[PDB]
Amino acid sequence: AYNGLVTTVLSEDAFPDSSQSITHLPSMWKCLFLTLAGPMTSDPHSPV
Amino acid sequence: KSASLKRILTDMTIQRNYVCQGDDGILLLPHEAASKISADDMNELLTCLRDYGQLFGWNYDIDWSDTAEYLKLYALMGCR
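From first to last, the protein sequence lines are chains A and B. Following our numbering, the numbering of the first sequence begins with 18 at its first residue and continues without gaps. Following our numbering, the numbering of the second sequence begins with 14 at its first residue and continues without gaps.
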């Protein structure tokens with residue numbers, strides 16, 4: 018109800034760091050939770 | 014509460030980077046090492062350790078310095 022004044026974005030620790038690939042197993046779960054809590058946020062760039 | 018501190022922990026296991034014996038033990042960090050911010054990383058890792066053990070009675074007694082104590086055989090800078 019307040020996007021445009023305050024937009025919730027995903028945190029900078031929400032993301033797996035851009036180095037290690039998907040073979041890193043606990044780096045894969047940080048991508049799974051990032052997808053389920055993706056459209057809950059109000060960032061318009063959150064699909065990307 | 015530290016972006017850098019969190020990054021260091023993730024790549025750390027307990028089969029590597031920890032040697033348990035008795036009640037003693039040495040926790041040796043991952044190789045993003047000497048370059049360690051004592052204000053941000055190594056002290057905030059310690060207070061979250063000493064409060065971790067207090068939530069179930071284990072009074073952890075940490076004393077980090079660049080020597081190493083392991084069942085009463087000290088060694089400073091690669092020299093026993």
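For each residue, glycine too, the CB sits at the ideal point set by N, CA and C.
Restricting attention to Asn20(A), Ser28(A) and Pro33(A), the CA atom closest to the CA of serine 44(A) is found in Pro33(A).
Boundaries of the beta strand (DSSP E) harbouring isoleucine 39(B): 37-39, taken from the DSSP string.
A direct Cα-to-Cα measurement between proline 61(A) and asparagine 20(A) gives close to 10 Å.
Looking at the DSSP output, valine 32(B) bridges to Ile39(B).
For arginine 93(B) against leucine 86(B), the beta-carbon gap comes to about 7 Å, under 8 Å, which counts as contact.
Inclusion of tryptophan 77(B) and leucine 59(B) in the CB contact set at 8 Å is warranted, their separation being smaller than that value.
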